[PDB]
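Notes to accompany the following structure.
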Amino acid sequence: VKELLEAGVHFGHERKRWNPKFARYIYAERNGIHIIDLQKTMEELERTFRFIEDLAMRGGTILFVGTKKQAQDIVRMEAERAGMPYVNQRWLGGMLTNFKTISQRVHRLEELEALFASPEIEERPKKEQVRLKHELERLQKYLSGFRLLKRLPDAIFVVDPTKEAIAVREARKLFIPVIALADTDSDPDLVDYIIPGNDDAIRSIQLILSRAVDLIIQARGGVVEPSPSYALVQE
RNA sequence: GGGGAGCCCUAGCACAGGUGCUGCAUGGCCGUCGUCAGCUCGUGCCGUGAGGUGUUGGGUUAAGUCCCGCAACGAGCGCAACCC
């Protein structure tokens, strides 16, 4: 499944902007791109997906992060299929040191959902209502998937290794094992259980996250059908 | 017949009183900076630390009012706003 479908439509990318460690898990650099050695790909696939199966049988919280449009679409629906919080929006620097900040916004969000369905409609002048609508769409858009993150999330899949090494940075400081994906440019060793690949290829990520959902379901149950991407994959 | 209390007269004994100097000795109180929009703190990062960040970019507003990136998310005097 993996190696076959993988090579068939995806592997490496970027243009000699690479990272050292990358090169060791990689064959070639040829033409202008670094070519994913699918072997050890599948090796750490074994490590990581072992983890996945295990604590999917137990139950935990990991991210679907793609602050970039690409991944974004896919992961969002993946969340609305897997169950955990996701960060498609700009992951903000604060959560993993300022849990209380977010939790303030969050309890307040409970109260916001509350006062939405309330006789406070006609009351409190029109423009004011407009303002409250605006804060609504704020916390709504950003805290799209992530809204049900109660407790601490124990590992954090996520894509592109740079910005999402800012994400890595927070998780990493608060002693949290990183699962995550990377292309050519940035480093994987700040991650314990990495994933090399093409964070510019759409089919790659889709296959990965979709069958990873079906990995939690390989430990959970209910195996249905893959909808995300496909149509949105090449248009 | 006297003394005394309110009370009046002179002299004295305690002292009031003065728009005389000091707004670089003050209060309050204004003049200005200029409706100019700045000035800020709660949780946490960055540097050994002082300290920074917040608030520095792009449109845009009567405004740091706001939108997009954002070690940042909240709040203060403002700014707004209920009175006329």
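Labels used: A, B, ... for chains in the order of the structure tokens, numbers from 1 for residues in each chain, and numbers from 1 for ligands as shown.
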
Please give the complete set of residues from region 142-229 of chain A that DSSP, run on the backbone, assigns to strand (DSSP E or B), formatted as a PyMOL selection string. chain A and resi 179-182+193-196

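The part of chain A that reaches within 10 Å of chain B is made up of residues 90, 92, 93, 94, 95, 96, 97, 98, 99, 100, 101, 102, 104 and 105 of chain A, counting only C-alpha atoms (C1' of nucleotides).
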
Do a neighbour search on region 221-229 of chain A at 12 Å with only C-alpha atoms (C1' of nucleotides), toss out local chain neighbours closer than 5 positions, and write the hits as a tab-separated table (two decimals) with N, CA, C and O atoms, in the first residue's frame.
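Written out: around_19.tsv:
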chain	number	residue	atom	x	y	z
A	53	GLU	N	-1.62	3.27	16.30
A	53	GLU	CA	-2.47	2.13	16.64
A	53	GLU	C	-2.65	2.01	18.16
A	53	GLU	O	-3.78	1.94	18.66
A	56	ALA	N	-4.43	5.03	19.88
A	56	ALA	CA	-5.76	5.17	19.30
A	56	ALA	C	-6.64	4.12	19.95
A	56	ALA	O	-7.84	4.35	20.16
A	57	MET	N	-6.05	2.97	20.28
A	57	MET	CA	-6.77	1.98	21.07
A	57	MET	C	-7.03	2.55	22.46
A	57	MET	O	-8.07	2.27	23.07
A	70	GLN	N	-3.41	24.56	1.29
A	70	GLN	CA	-3.27	23.18	0.81
A	70	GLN	C	-3.76	22.10	1.82
A	70	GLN	O	-4.99	21.84	1.96
A	71	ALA	N	-2.80	21.53	2.56
A	71	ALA	CA	-3.12	20.70	3.73
A	71	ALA	C	-4.44	21.12	4.43
A	71	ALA	O	-5.29	20.24	4.78
A	72	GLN	N	-4.65	22.44	4.52
A	72	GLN	CA	-5.70	23.02	5.36
A	72	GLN	C	-7.00	22.28	5.10
A	72	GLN	O	-7.46	21.51	5.97
A	73	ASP	N	-7.49	22.43	3.86
A	73	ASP	CA	-8.76	21.80	3.42
A	73	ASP	C	-8.83	20.35	3.89
A	73	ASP	O	-9.66	20.01	4.75
A	74	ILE	N	-7.89	19.54	3.42
A	74	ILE	CA	-7.87	18.13	3.76
A	74	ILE	C	-7.99	17.91	5.27
A	74	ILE	O	-8.94	17.27	5.75
A	75	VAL	N	-7.05	18.48	6.03
A	75	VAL	CA	-6.97	18.16	7.45
A	75	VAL	C	-8.27	18.56	8.14
A	75	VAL	O	-8.71	17.87	9.06
A	76	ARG	N	-8.92	19.62	7.64
A	76	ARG	CA	-10.08	20.12	8.35
A	76	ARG	C	-11.11	19.00	8.33
A	76	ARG	O	-11.59	18.57	9.39
A	77	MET	N	-11.34	18.43	7.16
A	77	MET	CA	-12.35	17.39	7.04
A	77	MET	C	-11.84	16.16	7.76
A	77	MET	O	-12.62	15.46	8.41
A	78	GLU	N	-10.53	15.93	7.70
A	78	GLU	CA	-9.92	14.82	8.42
A	78	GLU	C	-10.28	14.94	9.90
A	78	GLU	O	-10.66	13.95	10.53
A	79	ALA	N	-10.20	16.15	10.44
A	79	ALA	CA	-10.60	16.36	11.82
A	79	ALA	C	-12.06	15.98	11.98
A	79	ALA	O	-12.40	15.10	12.78
A	80	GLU	N	-12.92	16.57	11.15
A	80	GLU	CA	-14.33	16.20	11.14
A	80	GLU	C	-14.49	14.78	10.60
A	80	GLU	O	-15.40	14.50	9.81
A	81	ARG	N	-13.60	13.88	11.02
A	81	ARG	CA	-13.62	12.49	10.62
A	81	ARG	C	-12.81	11.67	11.63
A	81	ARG	O	-13.17	10.53	11.97
A	82	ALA	N	-11.74	12.27	12.14
A	82	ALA	CA	-10.91	11.63	13.16
A	82	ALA	C	-11.40	11.97	14.57
A	82	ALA	O	-11.65	11.07	15.37
A	201	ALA	N	2.96	18.58	-2.31
A	201	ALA	CA	2.15	17.58	-2.99
A	201	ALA	C	0.88	17.35	-2.19
A	201	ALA	O	0.92	17.18	-0.98
A	202	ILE	N	-0.24	17.35	-2.90
A	202	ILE	CA	-1.56	17.28	-2.28
A	202	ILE	C	-1.98	15.83	-2.05
A	202	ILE	O	-2.53	15.48	-0.99
A	203	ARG	N	-1.72	14.98	-3.04
A	203	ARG	CA	-2.09	13.57	-2.95
A	203	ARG	C	-1.33	12.86	-1.84
A	203	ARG	O	-1.89	12.00	-1.15
A	204	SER	N	-0.07	13.24	-1.66
A	204	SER	CA	0.78	12.70	-0.60
A	204	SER	C	0.11	12.87	0.75
A	204	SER	O	-0.25	11.88	1.42
A	205	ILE	N	-0.05	14.13	1.14
A	205	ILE	CA	-0.65	14.44	2.42
A	205	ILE	C	-2.01	13.77	2.53
A	205	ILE	O	-2.25	13.08	3.51
A	206	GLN	N	-2.86	13.88	1.50
A	206	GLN	CA	-4.21	13.30	1.62
A	206	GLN	C	-4.16	11.82	1.96
A	206	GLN	O	-4.79	11.38	2.93
A	207	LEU	N	-3.43	11.05	1.17
A	207	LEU	CA	-3.26	9.63	1.43
A	207	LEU	C	-2.83	9.40	2.87
A	207	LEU	O	-3.47	8.65	3.61
A	208	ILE	N	-1.76	10.09	3.26
A	208	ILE	CA	-1.19	9.91	4.59
A	208	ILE	C	-2.22	10.14	5.70
A	208	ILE	O	-2.49	9.23	6.48
A	209	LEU	N	-2.79	11.34	5.77
A	209	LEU	CA	-3.71	11.68	6.87
A	209	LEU	C	-4.99	10.87	6.83
A	209	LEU	O	-5.57	10.56	7.87
A	210	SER	N	-5.45	10.53	5.63
A	210	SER	CA	-6.69	9.78	5.47
A	210	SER	C	-6.53	8.36	6.00
A	210	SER	O	-7.34	7.89	6.81
A	211	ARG	N	-5.48	7.68	5.56
A	211	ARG	CA	-5.25	6.32	6.03
A	211	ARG	C	-4.71	6.31	7.46
A	211	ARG	O	-4.71	5.27	8.12
A	212	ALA	N	-4.25	7.46	7.95
A	212	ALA	CA	-3.88	7.59	9.35
A	212	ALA	C	-5.13	7.71	10.22
A	212	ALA	O	-5.18	7.20	11.34
A	213	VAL	N	-6.14	8.39	9.69
A	213	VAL	CA	-7.46	8.36	10.30
A	213	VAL	C	-7.92	6.92	10.34
A	213	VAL	O	-8.36	6.42	11.37
A	214	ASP	N	-7.77	6.24	9.21
A	214	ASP	CA	-8.12	4.82	9.14
A	214	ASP	C	-7.14	3.97	9.94
A	214	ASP	O	-7.29	2.76	10.02
A	215	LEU	N	-6.13	4.62	10.53
A	215	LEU	CA	-5.22	3.93	11.43
A	215	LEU	C	-5.82	4.02	12.83
A	215	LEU	O	-5.86	3.02	13.56
A	216	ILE	N	-6.30	5.21	13.20
A	216	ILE	CA	-7.00	5.33	14.48
A	216	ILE	C	-8.21	4.40	14.42
A	216	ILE	O	-8.56	3.77	15.42
A	234	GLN	N	-6.57	18.59	-7.85
A	234	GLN	CA	-5.87	19.01	-9.06
A	234	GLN	C	-6.49	20.23	-9.79
A	234	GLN	O	-5.88	20.79	-10.70
A	235	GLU	N	-7.68	20.65	-9.36
A	235	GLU	CA	-8.44	21.72	-10.03
A	235	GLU	C	-7.68	23.03	-10.15
A	235	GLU	O	-6.64	23.23	-9.52

Provide the CA of residue 140 (chain A) to CA of residue 106 (chain A) distance in Å, to one decimal place. 10.6 Å

Please, which residues of region 68-180 of chain A, numbered as in this document, come out helix (DSSP H, G or I) from DSSP, as a PyMOL selection string? chain A and resi 69-82+99-116+126-142+163-173

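Neighbouring residues of region 14-28 of chain A at 6 Å or closer, counting only C-alpha atoms (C1' of nucleotides) and skipping chain neighbours under 3 positions away, are residues 32, 33, 34, 35, 36, 37, 184, 185, 186 and 187 of chain A.
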
Just the residues within 9 Å of region 22-39 of chain B, please, counting only C-alpha atoms (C1' of nucleotides), with nothing from its chain fewer than 6 positions along; format it as a PyMOL selection string. chain B and resi 62-64+77-79

Contacts of residue 67 (chain A) at 12 Å (only C-alpha atoms (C1' of nucleotides); same-chain gap of 6+ positions) as a PyMOL selection string: chain A and resi 73-76+86-92+142+158-167+199

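Atom pair CA of residue 155 (chain A) / CA of residue 196 (chain A): separated by 16.9 Å.
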
Non-local contacts of residue 179 (chain A) (8 Å; only C-alpha atoms (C1' of nucleotides); under 4 positions in same chain excluded) as an MDAnalysis selection string: chainID A and resid 48 155:158 191:195

In terms of the shortest atom-to-atom distance over only C-alpha atoms, which of A:233, A:66, A:178, A:134 is closest to residue 51 (chain A)? A:178
